[PDB]
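Structure, as structure tokens:
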Amino acid sequence: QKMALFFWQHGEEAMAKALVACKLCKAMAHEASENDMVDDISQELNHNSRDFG
Amino acid sequence: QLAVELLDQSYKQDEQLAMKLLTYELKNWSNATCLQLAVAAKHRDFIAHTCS
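Protein sequence lines, in the order shown, are assigned to chains A and B.
Residue 6 is where the first sequence starts when you use our numbering, and the numbers rise one by one after that.
Residue 31 is where the second sequence starts when you use our numbering, and the numbers rise one by one after that.
Put into structure tokens, the structure is as follows:
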């Protein structure tokens, strides 16, 4: 996510990048919590969903 | 609170050795584990943590 916030500052279509990253993030969270693999991963990645959100 | 923060820091460092910490048989403490002593203590936040 440190790389991702960097790459959001450079290049165009920034409003699009914020929304699509928010889509791909939170969906990847809750689908990974179907497997509930080391939940630590899931709530920090929803944390990134509110960050991009 | 010290128990909760120590489990938290154990989980921040390594989840696996935190598991070895919780399931451990405490030879001095009547051969019981941390879980049984915690549920004896009725301490809700310890059990409510992600690791346990």
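By construction, the Cβ of each residue, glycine as well, lies at the ideal position given by its N, Cα and C atoms.
Beta-carbon proximity check, residue i vs residue j, cutoff 9 Å
i	j	result
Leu50(A)	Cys30(A)	yes
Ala34(A)	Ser54(A)	yes
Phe76(B)	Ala70(B)	no
Residue i in three-state terms, based on DSSP
i	result
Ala68(B)	helix
Of the residues the options, the one placed nearest residue i, counting alpha carbons only
i	options	result
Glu55(B)	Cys64(B), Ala48(B) and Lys42(B)	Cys64(B)
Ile46(A)	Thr53(B), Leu37(B), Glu45(B) and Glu35(B)	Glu45(B)
Alpha-carbon spacing of residue i relative to residue j, whole angstroms
i	j	result
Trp59(B)	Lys42(B)	26 Å
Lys7(A)	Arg74(B)	35 Å
Residue i classed as buried or exposed, judged by whether at least 16 other C-beta atoms fall within 10 angstroms
i	result
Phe57(A)	buried
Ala9(A)	exposed
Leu37(B)	buried
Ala48(B)	buried
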